[PDB]
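Step one of this worksheet: look at the structure below.
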Amino acid sequence: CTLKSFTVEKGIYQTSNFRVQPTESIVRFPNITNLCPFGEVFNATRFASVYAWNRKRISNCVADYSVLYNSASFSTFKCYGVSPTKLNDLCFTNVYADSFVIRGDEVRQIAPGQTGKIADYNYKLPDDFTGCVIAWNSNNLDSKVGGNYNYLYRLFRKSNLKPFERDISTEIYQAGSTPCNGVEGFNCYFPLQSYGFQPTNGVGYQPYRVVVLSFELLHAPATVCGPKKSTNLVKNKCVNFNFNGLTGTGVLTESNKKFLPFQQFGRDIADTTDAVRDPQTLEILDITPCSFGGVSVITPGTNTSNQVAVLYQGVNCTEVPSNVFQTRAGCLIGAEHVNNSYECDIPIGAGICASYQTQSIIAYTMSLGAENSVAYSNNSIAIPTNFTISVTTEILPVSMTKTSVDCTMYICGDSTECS
Amino acid sequence: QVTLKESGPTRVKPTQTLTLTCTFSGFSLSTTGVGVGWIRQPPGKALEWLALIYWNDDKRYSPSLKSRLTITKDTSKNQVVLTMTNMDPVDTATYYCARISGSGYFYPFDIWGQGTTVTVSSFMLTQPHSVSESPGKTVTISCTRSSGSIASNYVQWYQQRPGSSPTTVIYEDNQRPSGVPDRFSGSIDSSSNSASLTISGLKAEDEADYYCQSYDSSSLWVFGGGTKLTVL
Amino acid sequence: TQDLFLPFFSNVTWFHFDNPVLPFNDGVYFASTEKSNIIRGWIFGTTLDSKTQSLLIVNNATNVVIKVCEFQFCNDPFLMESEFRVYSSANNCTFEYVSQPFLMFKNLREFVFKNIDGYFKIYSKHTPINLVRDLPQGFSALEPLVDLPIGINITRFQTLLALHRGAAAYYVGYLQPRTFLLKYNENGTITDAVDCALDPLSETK
Amino acid sequence: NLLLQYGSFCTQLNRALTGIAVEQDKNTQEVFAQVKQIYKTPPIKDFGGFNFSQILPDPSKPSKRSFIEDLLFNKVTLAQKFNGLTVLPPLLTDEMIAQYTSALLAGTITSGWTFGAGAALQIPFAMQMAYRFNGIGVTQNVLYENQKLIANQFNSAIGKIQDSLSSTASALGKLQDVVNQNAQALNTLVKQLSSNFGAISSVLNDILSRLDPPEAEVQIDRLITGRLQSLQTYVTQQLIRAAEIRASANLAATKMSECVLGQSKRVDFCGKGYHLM
Amino acid sequence: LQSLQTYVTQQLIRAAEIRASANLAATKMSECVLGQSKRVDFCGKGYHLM
Ligand SMILES: *[C@@H]1O[C@H](CO)[C@@H](O[C@@H]2O[C@H](CO)[C@@H](O)[C@H](O)[C@H]2NC(C)=O)[C@H](O)[C@H]1NC(C)=O
Ligand SMILES: *[C@@H]1O[C@H](CO)[C@@H](O)[C@H](O)[C@H]1NC(C)=O
Ligand SMILES: *[C@@H]1O[C@H](CO)[C@@H](O)[C@H](O)[C@H]1NC(C)=O
Ligand SMILES: *[C@@H]1O[C@H](CO)[C@@H](O)[C@H](O)[C@H]1NC(C)=O
Ligand SMILES: *[C@@H]1O[C@H](CO)[C@@H](O)[C@H](O)[C@H]1NC(C)=O
Ligand SMILES: *[C@@H]1O[C@H](CO)[C@@H](O)[C@H](O)[C@H]1NC(C)=O
Ligand SMILES: *[C@@H]1O[C@H](CO)[C@@H](O)[C@H](O)[C@H]1NC(C)=O
Ligand SMILES: *[C@@H]1O[C@H](CO)[C@@H](O)[C@H](O)[C@H]1NC(C)=O
Ligand SMILES: *[C@@H]1O[C@H](CO)[C@@H](O)[C@H](O)[C@H]1NC(C)=O
Ligand SMILES: *[C@@H]1O[C@H](CO)[C@@H](O)[C@H](O)[C@H]1NC(C)=O
Ligand SMILES: *[C@@H]1O[C@H](CO)[C@@H](O)[C@H](O)[C@H]1NC(C)=O
Ligand SMILES: *[C@@H]1O[C@H](CO)[C@@H](O)[C@H](O)[C@H]1NC(C)=O
């Protein structure tokens, strides 16, 4: 098919190429450490009041959100700014946690665009909020048989409270025109009140611990990323790899070179990666493409016989899946090695040639010719006594065919626009 | 395509205890967050959730029927076994086994099984019963919450054509699963404590029963009363 | 390589006692002479006031304090000890991560500071050399040790000198982008380098 | 898929590379394989006082190479194995070439020029030297009366050539220039793969992943054309250099045929002065 | 146009080899046929006669 002829002559012809494909495509990544302190926010035994809600900054740690997903205690779990299914892989700069204790019926108004006592006077949440709100029942902890009276919230206040603002001052409210100046008279009330938490109260009156998480993105580089997984190592095989974002395809083997402690990979020749430090075991692994090469067919001509031999150039010959012989130019199959040496019939390479036994194909080392030693002496000569005349033929080419090609008739073909 | 096979006995007696087995193909229970559940549907009365098994060793049961329910998993040949005792004639219904992949607050039952009929022998959700609408003009169906706020947890919607398992049409209150028509939409009325499913234009055929659900740690999966929709 | 390198045979200002504020100019080469335990750290910022955040690096007896917190420094900040006469207030602190100190014919300390792509990169090495009052001969390559993702703007800096109740010499040089040809030995260590614009012979090389 | 619609440029390129690579073996065969038999020097070394041990093969070394040939091979120093291309080994190894040269040397020092026209005829070396002196126009009696002086001068000249070759002179620059230019052309071809060619990036995966598939072709095609143009330029340069290599091989073959197998009469063809052997 | 240029370049390259072969043939015709050549192996193996 390649020669476009039904009969072929004796020789070697290159037909096609072959490759080895990857099978595993492993991925490595460093160890998952320095988890964010989610425990001291949710499992803390102390919680702040409504008007004096705590604020905590969390940065430069991996945030594992699976513990919140699999928790079987949260009553509400709503995210208002991001897709909550993608929290495990998204990365943000900084996050904040706000914790307080509010009445059960007051958890409804912890949301953008909602109005209420806590929404306007204690905790205001902006309409462009990007985060999640978490709350759960904590009646067994914040309520006592005698009634708890420690938590406070603001109910008298002159002006609405802007988002992410806190008012700790507890000065008396000026409901009346006259200045109260701290007296406990009429139109002068304490701007805070306490919750009457009791174990026998209804569901809407029981205390509820609320944790609010906020996500922000700035021009600073992102620090709070999500956890990432990794696979196992495979060696001595053609395999894709991904080492800390460095992708490629090759065979991973052991290496003897010693990297500097801060160095990661090597670009010794032509800016090509060939050695990569393992992020987990801190070991250096060599990288080499698995295999590629051409395929050649050795035949003695279809006139003589239909037997053929296949040669793969530059192949270790252990990935090719008959006689198999390893040659310096790659192994060949279908040929029988012999101890004998003859003249070169079909060249193969590196001093190896193939021929037909006349009924099998054999491979042998080249013979330069017959070896003889001339009888040399300091008083001996050889003089011919006869002669023969011979005629030899020599052929040299002198010229070729004269051709001429026109542009407009070839490139365009009598087209006006093309011209 | 992932499919589930469920089979078991049909005849049952008040003094006998039955067992159900749902065999799943196309996916493995060992995958992360994957889970298999059992949901029963009475013929004329609304369906309800019974039990669930996750990829790890944890079981969920209906609070009102926790004593009579027990679910066992077997990853050796990809099946789960549900057993129920204390046979009582009102139990007769159609049983489904469905798959859920995630935490529970968010992911609805995406894949449902085939109807298996068992017959005997010898925090609520409110939803309007039925609505009638002429074709062309839009129509909405409400789903209100008795206790708490409807904005506290996500709401998912289903449609169930007769002779077929229910299929998700709205999840996470704004998203649309792939393949559903664009005319389906949803919204939440936070003031009136209700969620509404909106069909923008009756330009196609829709003969199915619509249900709403939500999730809570105290109450687990709970289904609404259902709405019967017909074309005038 | 084409990167920000200190030019060969370039003038560097030599100080003694004093600690004036100096422009950053997108790169600083800082060197401190031997037998000098006075230098403790550096202050980096734009205006060194309460309007904008500033980066603070202070090496105490056992550790190093890294803060890019909001600061309002004094006129002449300085450090049986009389210490922390550097600021009067510090609130709204974002990066507060304490690290392992770089240091515990004495040693010659060299530092390179550069702020690119929102990252602060430090290169340093220590070697014991004589010739206190002049920059020594030889070749030395600086290895990175820390990378801080601060993202702030840096245009000015000031050094901090420990004072007890005291003159120490240090060198300041400014970096600028130009092309260098680096030589690597059989290991990964840089042995020699040349400047591609110093001389015509260097251009031929 | 986008490349297969461009035609058969790559078939022509592969044909050109195959034609270039196949003629090196022909050049080596036509230069070194001019002899028909492997002649062996006699164990005796009675050559009339001439000392040829400096150029005869040394059996103490595994590949039987000559001392001067060893020095020449050690003096000349340096492709690599990587993705994209490969190198083929020559048909004739170094041992076979060394054997051919040894056979030619033995034939030309044991039989004169008779072996270059037919069967080798033995003749003492002094009489062959007298033949050559009579050829250059000087009677043979001056050789027979000054044999020892001529032998001593020949030995001293051989030693001087050994010293000059070991003096690290720039005489082997002809082969080194070819090796260096081939290596730098290959390195330039390899390094051309990192160019942008007006695309968004040099990395193919980034282009095919970041951009939408039915509109990335306008970015793929320019990179394809640039790489094809670079490959065509490399092929043209190799084709141009092959002609010079072949001309040099033809000249070397002619010089081997005329200067070694006979006594040349044309001046300056086989060295300055009256050529002897 | 690129295909045509490649064809032209290939023809130009082959013309040089053809011309070199023609020059060698002309030299051999001038020396071996019009005279008796003394250089060995130029006009056949052995001692050239005619
Ligand atoms: C030299 O060679 C020639 C042949 O080239 C010899 O001539 C032949 O000798 C044989 C001997 O029986 C005859 O049968 C042939 O008829 C002769 N001629 C040919 C053309 O073969 C010759 O004998 C040889 N010897 C001498 C001394 O001339
Ligand atoms: C809190 O405590 C529970 C029970 O010990 C544990 O499962 C959980 O991981 C802890 N942390 C958080 C953030 O809930
Ligand atoms: C990563 O963790 C594994 C398992 O705990 C451990 O063997 C390995 O040494 C760790 N590597 C680093 C760099 O901490
Ligand atoms: C085939 O080979 C034989 C001997 O090798 C030869 O005589 C014959 O002409 C060749 N061709 C055909 C068509 O037989
Ligand atoms: C082929 O690979 C094997 C295993 O690495 C090795 O032992 C053998 O020497 C290789 N073949 C050649 C010709 O080097
Ligand atoms: C060639 O001879 C060697 C002995 O040196 C022997 O080991 C080898 O098997 C022989 N080759 C074949 C093909 O038998
Ligand atoms: C060389 O000549 C000597 C006499 O000078 C003689 O004895 C010896 O036999 C000769 N060598 C041979 C091989 O005939
Ligand atoms: C030095 O700083 C470290 C933290 O950077 C601190 O723990 C230690 O107490 C400090 N020592 C003194 C003497 O201030
Ligand atoms: C951060 O704290 C500093 C304290 O000096 C204050 O001046 C500044 O206004 C605060 N900024 C914000 C956004 O709270
Ligand atoms: C830094 O400078 C840029 C302008 O180049 C300005 O936009 C920005 O507000 C400044 N401050 C910070 C913290 O980036
Ligand atoms: C690298 O440095 C070490 C010293 O730690 C030295 O012994 C070695 O020879 C150097 N070179 C290599 C290739 O290891
Ligand atoms: C030929 O030269 C070599 C080295 O110069 C020497 O060892 C040898 O003895 C010489 N032969 C004679 C016969 O002098």
Considering residues of segment D:42-60 that are away from ligand 12 (no atom under 11 Å from the Cβ) and more than 8 Å from every other protein chain (Cβ to nearest Cβ) only, the residue farthest from D:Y144 (Cα to Cα): D:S60
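Only one of A:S305, A:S367, A:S373, A:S404 is over 50 Å from the mean Cα position of the chain (by Cα), surrounded by 12 or more Cβ atoms within 10 Å (Cβ to Cβ) and away from chain D (no Cβ under 12 Å). Can you tell me which?
Details: A:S367 fails: away from chain D (no Cβ under 12 Å); A:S373 fails: away from chain D (no Cβ under 12 Å); A:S404 fails: surrounded by 12 or more Cβ atoms within 10 Å (Cβ to Cβ).
Result of the check over A:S305, A:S367, A:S373, A:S404: A:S305.
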Those residues that are closer than 25 Å to D:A103 by Cα and within 14 Å of chain A (Cβ to nearest Cβ), I need them from segment D:120-150; list them, please. D:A120, D:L121, D:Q122, D:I123, D:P124, D:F125, D:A126, D:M127, D:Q128, D:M129, D:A130, D:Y131
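Considering each residue of segment A:1-16, count those that are exposed (fewer than 11 other Cβ atoms within 10 Å of the Cβ) and within 22 Å of A:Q313 (Cα to Cα), and give that number. Walk me through how you get there before you give the answer.
Quick first cut of segment A:1-16, residues exposed (fewer than 11 other Cβ atoms within 10 Å of the Cβ) only: A:1-7, A:16.
Those left that are additionally within 22 Å of A:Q313 (Cα to Cα): A:1-3, A:16.
Total satisfying the criteria: 4.
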Sort out which residues of segment C:111-140 are of a type in the set (V, I, T) and within 14 Å of chain A (Cβ to nearest Cβ), and write them in order of number. C:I116, C:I122
All-but-one check, E:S37 against (1) assigned to a helix (DSSP H, G or I); (2) surrounded by 12 or more Cβ atoms within 10 Å (Cβ to Cβ); (3) hydroxyl-bearing (S, T, Y), failing number (1)
Those residues of segment A:130-160 which are farther than 26 Å from A:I172 by Cα and crowded, with 20+ Cβ neighbours inside 10 Å amount to A:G131, A:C132, A:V133, A:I134, A:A135, A:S143
Considering only segment B:75-107, how many residues are within 14 Å of chain A (Cβ to nearest Cβ) and assigned to a loop (DSSP other than H, G, I, E, B)? 6
Given the conditions (1) more than 28 Å from C:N60 (Cβ to Cβ); (2) part of a loop (DSSP other than H, G, I, E, B), report the number of the one that C:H16 does not fulfil. (1)
(1) surrounded by 15 or more Cβ atoms within 10 Å (Cβ to Cβ); (2) among the charged types (D, E, K, R); (3) over 24 Å from the mean Cα position of the chain (by Cα); (4) within 10 Å of another protein chain (Cβ to nearest Cβ) all hold for D:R266 apart from (1)
Would you mind telling me which numbered condition in (1) farther than 29 Å from C:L142 by Cα; (2) outside any loop (DSSP other than H, G, I, E, B) C:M80 fails? (2)
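Considering only segment A:363-377, I want to know if a residue exists there that is in a strand (DSSP E or B) and farther than 25 Å from D:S102 by Cβ. Can you show your working first?
Initially, segment A:363-377 is screened for residues in a strand (DSSP E or B), giving A:363-366, A:371-373.
The next check asks that each one be farther than 25 Å from D:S102 by Cβ; those that pass are A:363.
Within segment A:363-377 (the criterion being in a strand (DSSP E or B) and farther than 25 Å from D:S102 by Cβ), the answer is yes, since at least one residue qualifies.
Would you kindly identify the strands (runs of 3 or more DSSP E) lying entirely within segment A:273-332 that contain at least 2 residues that are under 18 Å from A:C353 (Cα atoms), among the basic types (K, R) and away from ligand 12 (no atom under 16 Å from the Cβ)?
none
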What do you reckon, is C:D134 among the acidic types (D, E) and not in a loop (DSSP other than H, G, I, E, B)? no
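So which of A:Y312, A:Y356 ends up being of a type outside the set (K, R) and within 14 Å of another protein chain (Cβ to nearest Cβ)? Give the steps one after another, and end with the answer.
Values: A:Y356 fails: within 14 Å of another protein chain (Cβ to nearest Cβ).
Residue meeting the stated conditions: A:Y312.
Suppose the filter is in contact with a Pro (Cβ under 7 Å, 6 or more places away or on another chain), part of a loop (DSSP other than H, G, I, E, B), more than 16 Å from ligand 8 (Cβ to nearest atom) and of a type in the set (A, V, I, L, M); does A:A382 pass it? Even if it seems obvious, please write down each step before you answer.
Details: in contact with a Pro (Cβ under 7 Å, 6 or more places away or on another chain): no; part of a loop (DSSP other than H, G, I, E, B): yes; more than 16 Å from ligand 8 (Cβ to nearest atom): yes; of a type in the set (A, V, I, L, M): yes.
No, not satisfied.
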Looking at segment B:199-221, is at least one residue surrounded by 15 or more Cβ atoms within 10 Å (Cβ to Cβ), of a type in the set (S, T, N, Q) and over 26 Å from A:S83 (Cα atoms)? no
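Do you know which residues across segment D:241-263 are polar (S, T, N, Q) and either touching a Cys at 6+ places or on another chain (Cβ under 8 Å) or within 10 Å of chain E (Cβ to nearest Cβ) (or both)? So that I can check it myself, show each step before the final result.
Narrowing segment D:241-263 to residues polar (S, T, N, Q): D:248, D:250, D:254, D:257, D:263.
D:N250, D:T254, D:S257, D:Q263, listed by residue number.
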Residue among C:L198, C:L148 that is within 16 Å of ligand 10 (Cβ to nearest atom) and in contact with a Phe, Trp or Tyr (Cβ under 8 Å, 6 or more places away or on another chain): C:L148
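So if I check each of A:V315, A:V324, A:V310, which one is more than 16 Å from ligand 8 (Cβ to nearest atom), in contact with a strand residue (DSSP E or B) (Cβ under 7 Å, 6 or more places away or on another chain) and under 29 Å from A:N256 (Cα atoms)? Please lay out each step first, then the result.
Numbers: A:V324 fails: under 29 Å from A:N256 (Cα atoms); A:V310 fails: under 29 Å from A:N256 (Cα atoms).
Result of the check over A:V315, A:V324, A:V310: A:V315.
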Which one of these is crowded, with 19+ Cβ neighbours inside 10 Å and within 14 Å of ligand 5 (Cβ to nearest atom): A:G330, A:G314, A:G334? A:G330
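Name the one entry in A:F262, A:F243 that is under 30 Å from A:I58 (Cβ atoms) and within 14 Å of chain C (Cβ to nearest Cβ). Lay out the reasoning, then the answer.
Values: A:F243 fails: within 14 Å of chain C (Cβ to nearest Cβ).
Testing whether each residue is under 30 Å from A:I58 (Cβ atoms) and within 14 Å of chain C (Cβ to nearest Cβ) leaves just A:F262.
Is there a residue being among the hydroxyl-bearing types (S, T, Y), at the interface with another protein chain (Cβ under 8 Å from one of its Cβ atoms) and either more than 30 Å from A:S380 (Cα to Cα) or part of a loop (DSSP other than H, G, I, E, B) (or both) anywhere in segment D:77-99? Let's see the steps before the verdict.
Start the filter on segment D:77-99 by keeping residues that are among the hydroxyl-bearing types (S, T, Y), which leaves D:77, D:86, D:93.
Narrowing further to those that are at the interface with another protein chain (Cβ under 8 Å from one of its Cβ atoms): D:86, D:93.
Filter once more, keeping what is either more than 30 Å from A:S380 (Cα to Cα) or part of a loop (DSSP other than H, G, I, E, B) (or both): D:86, D:93.
Within segment D:77-99, one or more residues are among the hydroxyl-bearing types (S, T, Y), at the interface with another protein chain (Cβ under 8 Å from one of its Cβ atoms) and either more than 30 Å from A:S380 (Cα to Cα) or part of a loop (DSSP other than H, G, I, E, B) (or both).
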Single condition B:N56 does not satisfy, out of (1) in contact with a helix residue (DSSP H, G or I) (Cβ under 9 Å, 6 or more places away or on another chain); (2) surrounded by fewer than 17 Cβ atoms within 10 Å (Cβ to Cβ): (1)
Every residue from segment E:29-39 that is out of contact with any helix residue (DSSP H, G or I) (no Cβ under 6 Å at 6 or more places or on another chain) and within 7 Å of another protein chain (Cβ to nearest Cβ): E:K38
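Counting neighbours? That spans all protein chains shown, and the Cβs are built from the backbone with ideal geometry, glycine included. Just so you know, all these numbers are worked out from the coordinates, no wet-lab data involved.
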